[PDB]
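J.: this one's a deposited entry, sequence included:
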Amino acid sequence: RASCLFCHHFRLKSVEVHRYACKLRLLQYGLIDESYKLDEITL
Amino acid sequence: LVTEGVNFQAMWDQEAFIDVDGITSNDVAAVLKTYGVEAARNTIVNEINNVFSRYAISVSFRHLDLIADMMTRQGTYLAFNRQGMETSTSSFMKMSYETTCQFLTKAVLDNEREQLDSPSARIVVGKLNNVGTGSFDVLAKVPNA
Amino acid sequence: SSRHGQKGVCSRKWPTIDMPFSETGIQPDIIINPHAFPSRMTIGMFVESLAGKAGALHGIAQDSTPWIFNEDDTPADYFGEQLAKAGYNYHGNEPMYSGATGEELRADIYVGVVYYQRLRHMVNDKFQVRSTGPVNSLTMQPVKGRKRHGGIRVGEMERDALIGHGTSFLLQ
Amino acid sequence: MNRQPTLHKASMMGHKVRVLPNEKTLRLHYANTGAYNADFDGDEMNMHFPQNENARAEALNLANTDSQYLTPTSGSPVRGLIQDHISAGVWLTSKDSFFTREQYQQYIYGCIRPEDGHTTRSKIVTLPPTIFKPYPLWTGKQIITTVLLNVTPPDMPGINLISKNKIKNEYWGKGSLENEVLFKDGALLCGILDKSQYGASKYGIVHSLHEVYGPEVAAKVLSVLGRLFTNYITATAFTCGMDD
Amino acid sequence: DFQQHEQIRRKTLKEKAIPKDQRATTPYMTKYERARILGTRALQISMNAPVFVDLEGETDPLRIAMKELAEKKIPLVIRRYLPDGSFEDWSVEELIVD
Amino acid sequence: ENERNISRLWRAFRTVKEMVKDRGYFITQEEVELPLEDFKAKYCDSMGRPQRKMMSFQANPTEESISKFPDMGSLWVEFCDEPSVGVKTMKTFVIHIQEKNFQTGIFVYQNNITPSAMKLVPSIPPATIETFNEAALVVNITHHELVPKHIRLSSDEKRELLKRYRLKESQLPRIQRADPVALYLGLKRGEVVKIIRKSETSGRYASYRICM
Amino acid sequence: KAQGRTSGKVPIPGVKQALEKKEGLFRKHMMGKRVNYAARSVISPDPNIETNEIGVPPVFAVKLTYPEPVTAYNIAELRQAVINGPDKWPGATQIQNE
Amino acid sequence: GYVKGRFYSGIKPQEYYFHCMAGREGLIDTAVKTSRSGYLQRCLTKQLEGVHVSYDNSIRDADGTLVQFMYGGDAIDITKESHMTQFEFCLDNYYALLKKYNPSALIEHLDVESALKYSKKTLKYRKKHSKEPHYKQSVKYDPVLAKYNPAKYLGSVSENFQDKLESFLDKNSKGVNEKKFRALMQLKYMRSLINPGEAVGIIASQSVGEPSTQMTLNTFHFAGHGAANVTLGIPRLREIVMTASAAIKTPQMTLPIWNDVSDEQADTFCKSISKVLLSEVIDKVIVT
Amino acid sequence: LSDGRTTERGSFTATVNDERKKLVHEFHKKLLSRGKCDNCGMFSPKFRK
RNA sequence: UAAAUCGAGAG
DNA sequence: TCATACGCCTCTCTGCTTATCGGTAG
DNA sequence: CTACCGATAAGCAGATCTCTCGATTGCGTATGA
Ligand SMILES: [Mg+2]
Ligand SMILES: [Zn+2]
């Protein structure tokens, strides 16, 4: 449902994609505080 | 004085007539949201004990304390149902509890691996339990050469 | 059971010698524990005991339709008059001797005759025992059913209780 | 043994086995009815037979009935005699109960059978009669005292207990002190043993015996008292009638 | 081929092993431990394990094991498991009954 | 009306001072037990207006607080005069926090605050900015009977406790980041807390939660 | 999830229906199973057992068995039980070899 | 419904009708009370089947997630908590209790002095720091249970038990001395500790659910002149535990009042704080 | 990993499971939120059931 | 010997 | 005339989830 | 002006211990005899 037919990517942005990917990868190791601190890399 | 509804901020203004240091309520979610986890645990114990005062079966507070600390083990007013159950490492016990289809789908979708800790999982696999007599191991001392 | 909703299972077949005997040589055929009455409050059985005793003594039948007696015609007194005329104790008691010691009991025993009816629910229909036998096909577990020589079920409550004891090898 | 529903822990204990070659039904003592919440309303309860020594030892020590004396719900006792033994105790421990040598010795040996190991010492020891002349006369409280003194292990002082019972003083006459139960070095000196002494009543004689001499001595005391109040109830039966 | 598999498990096993000098668990032998040790010892005797305690015509392995524990000669070693996986190794001889 | 509003503002100020002291900054019994006559003599106009501009203050760590937490920084507060929250009224505060180099920032508003600040408050690391409400601090929550004594637990003590019980930060009982207790303590996530529960069957016994 | 039924006779349960409700495989065959070596009958009271035994009728005592292993001290009692056989209590029903 | 008869002398037919009606009510309530506990029991035991006391005297789920560090703050078995407050009974049976405990064999595997000194220091600290607001109690020495293992260090007891023991030894002056009695009582507290392995979760679940089987529409139905009538029984228990309802049927709070506020100047506050609807002041309406 | 805070196998506990569920559910909900694809601009029609 | 539904039910 | 194999033939509680309509940024 | 965010209202989904006996098991139909 949340996909684009043409570009064949998620209908959300491609930078939130990597944000959530990195968040899940880091939190998988039980680094909870680091997962929330990652969002501070915004600029 | 006892009211008929919960709203802590209403009487906080009226300091003259009410000693706001002892406002205890029949609610639990409001207590958790406006007074933190520990006040919620205290009110949980109080409201599960006063239900045993009327209909007097006195019960030791150790069981009530364990119940409250399990109800608030994640900092929120959890519950002993399927809505407050998914937050567990072993899904064998959840799917044994109820909604086997619901919990199995999540368990396999994220490749959740059960480490065989809960008694129900050990029973399903068929391994010696981990509580009580099975909480340790026994070694035989042999005098070889 | 009697005609007042007093169940009871025959606990033991008491031999007649060990059975307590009375002054006249009457050994009762049924013992009902007196502690039942204070909670059940089946005073109808107590009245029926002495009414039946009087009826059997005098060779008559006493009607027991509700609302014949009243406050000033108490059935206890009314049947006690007949019992006293017959020559027994006015209160329905009766001297009794233990069948083992042979000595008279401390107080006279309340003895009478009451209408007793057997019940259909037997005991052999509740019997069950299984060591080994038939098993299920898809689970390799004992079958269900008394006639099928199947086992009893140790359900969720029994499993949880077996855990609560701290017993684990019992659970296994 | 288990009496469904197994609501709490005590509804599944481990009993020892006694093979009575007479009947076709399971035979169970009266102390377990309160714990099982069972009846004798034609109740049917299961009987599992563990098959490995692990399970045997685990049921004999952890799940055995003696160790389950106090329910973990509130610490109150859950065992004890119930219905006729209580009235038998009330009658036997009163002041009117005097026994000659015959009755005293018979009542004692009817419940302190040493061949089965009920008592420790190889010889049943008795007590001097409370009356010497015109002829020896014991008392029911003396029966209780010597029963305790024979089941209580030797090389250990008797119970020093002071308690009460449900029967008020004014129901025993004037100036009576039977409402208060008193012990002194394993000897009963005052009061009667109603429900508040054996049964599901806290701070009783059997409860104190448990806490002092372990659970096995409490179980033996309960069994011995049940046997004594049964043999005594056949000699002088308790009955109710219309006159009451 | 197999050493890398074996060495990693022994290091982990030696890691969780609490040193004898710093075991801070209950010195007494708990009821569960008594039951388990008695059962396992009785099983060993039933399987013809040697016994150094004299038997006075006794036939019950559980009673034999209880006698052994009372006289304190059980050749068994407990292994108390801490929740993380650390284990301490007490012995029955140094354990206190009740 | 005006006297009631002034009393409420006063009580909020007292709660703020007490919360700073509990967090561990140098605060005396004065400016906490400030009487009404003194408050109306000091923080009042010719008619008695709140004039909340001069109610702002700084908080510096005590020597004991520095010894316990070597990295504990400074704190700043500001009470908004306007009934709402102004976008630029928060920009000035947020730039001033970094301008004066304050490690922690506490903000208080009157009724409501524009959602943009929610998106903007966690923007300047390592500085932390928190927001509170005047009507939500009329009475302190740590003074309540059910609420136990929450005391923050140091990193060395956290390591000692974890080594003693052989635990992980995740395996401790968890306390949320939105409770009025954790916000009162200013407890950064990952720090273990210590709770002194007045247990009915054990008197005083201590339990440790972790904010995560 | 099946669609289409006007009168029918019974909606056939699926695989998910075999593991979902109380009658499902989980709560009926894994959290509790029927057991071997177990009996069930009526209980009758008996103030002649020491409040820790049970009165097993001989009809039970001829069915339930325990697999006692033979050994150097159990030989006499087990030999007597075997000689008695499955009908005379105490007795043996099966002699399981090694 | 008021009947003057007695079961010994019979009852008139109207009284018999009323008695039958009451018996019918009881018979229905028996079925309801038999039906109303299973789901609560099952859910509680399913949730708590794993949590058990570990070898550190800390109860935690089979996963490892802690629930409490101390079992109730004390870690004494409930089945053995019976006679740790009966000071008179313990003093009277001192000799038998000591012979049972055998303190002679409980020294080479025990430490007494460190725990005793720490407990004494803590006790005198709280004695100095008894009367003051709770939020001001800056703890310098945590309770002795925190560091010293109560099953390894003699004298490590709860603050309630220690306070009660000291109060008893102060009030009651008894040939045995107070020191030997205190040593035996501390040994009793050590011996009455919940063993590591207890299925404490199942114990708690059963102790909360099994008594729930004995509650139904009891005599607690009050209609004297007026009351709040909050929920109770297993409906309230299900609301509290099973559902965690944030919209409970009868939410209310307790408001303590200052001791200088009498019945007057408080009744008017109650009336002012109470809700009044528009309908409660309109006598009627005349729509033309 | 270096200081022993988490073995290479990862630490799966109740709180990390909670955070996994919260983050994943919120991330899916945000996926289902909008309708225009801000990756190529060429948005696509949704599907019904 | 199955499996499902209904009635009588027992604790 | 007419039998067995195919073809279907109206009086309870808790959540969660999504649709639609108010307000605010740009 | 118009896109984004919540705030109800309706629908969706799921809940409200063991065992023994007895009884029972569909109409419609359509072509080969
Ligand atoms: Mg029953
Ligand atoms: Zn696209």
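T.: Received the coordinates, thanks. Numbering: from 1, shown residues only, chains lettered A, B, ... in the order given. Ligands and ions are numbered 1, 2, ... in the order given.
J.: residues touching the residue lying closest to residue H:253 once chain neighbours are set aside, list them.
T.: Of all residues not flanking residue H:253 in the chain, residue B:25 sits nearest, at 3.6 Å (CB to CB, 6 or more residues apart in numbering or on different chains). Backbone N, C-alpha and C define where each C-beta goes, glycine included. Counting by CB atoms under 8 Å, 6 or more residues apart in numbering or on different chains, residue B:25 touches B:6, B:8, B:31, B:43, H:251, H:252, H:253, H:254.
J.: which bits of chain H sit near DNA strand L?
T.: Counting by CB under 7 Å from any atom of the strand, chain H comes close to DNA strand L at H:34, H:35, H:38, H:39, H:42.
J.: of the residues you listed, list those near chain C.
T.: With CB under 8 Å from any CB of the partner chain as the criterion, those include residue H:42 near chain C.
J.: just to revisit the earlier point, which phi and psi does the residue nearest to residue H:253 have?
T.: phi -120, psi 150 (degrees, to the nearest 10).
J.: between the residues of chain H next to DNA strand L, which is nearest residue H:161?
T.: Distance ranking of these against residue H:161, using CB to CB, places residue H:42 first at 35.7 Å.
J.: for residue H:64, see how far away the residue lying closest to that closest one once chain neighbours are set aside is.
T.: Distances taken as CB to CB, 6+ apart put residue C:156 closest to residue H:42, at 6.5 Å, once the chain neighbours are dropped. Using CB to CB, to the nearest Å, residue C:156 is found at 25 Å from residue H:64.
J.: just residue G:38 next, same as before
T.: Applying CB to CB, the value for residue G:38 to residue H:64 is 36 Å.
J.: end-to-end on stretch C:93-113?
T.: Taking CA to CA, to the nearest Å, stretch C:93-113 runs 12 Å from one end to the other.
J.: got the contact list for residue 31?
T.: Picking chain A for this. The contact partners of residue A:31, by CB under 8 Å, 6+ apart, come to I:5, I:6.
J.: wrong chain, I was asking about chain I
T.: Per CB under 8 Å, 6+ apart, neighbours of residue I:31: A:2, A:10, A:11, A:12.
J.: for residue F:51, what are its contacts?
T.: Counting by CB under 8 Å, 6+ apart, residue F:51 has contacts F:43, F:44, F:45, F:81.
J.: so the first one sits against residue F:53, correct?
T.: No - counting by CB atoms under 8 Å, residue F:43 sits too far from residue F:53 to count as a contact (10.2 Å).
J.: of these two, who's got more company?
T.: More crowded of residue F:43 and residue F:53, by other CB atoms under 10 Å in any protein chain shown: residue F:43, with 19 against 10.
J.: distance of that one relative to ligand 1?
T.: Using CB to the ion, to the nearest Å, residue F:43 is found at 75 Å from ligand 1.
J.: still on that earlier bit, buried among the contacts of residue I:31? Make that a ChimeraX selection.
T.: Buried subset of these, written as a ChimeraX selection, criterion 16 or more other CB atoms under 10 Å in any protein chain shown:
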select /A:2,10,11,12
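J.: rewinding a little: for the residue nearest to residue H:253, give its distance to RNA strand J.
T.: 39 Å (CB to the nearest atom of the strand, to the nearest Å).
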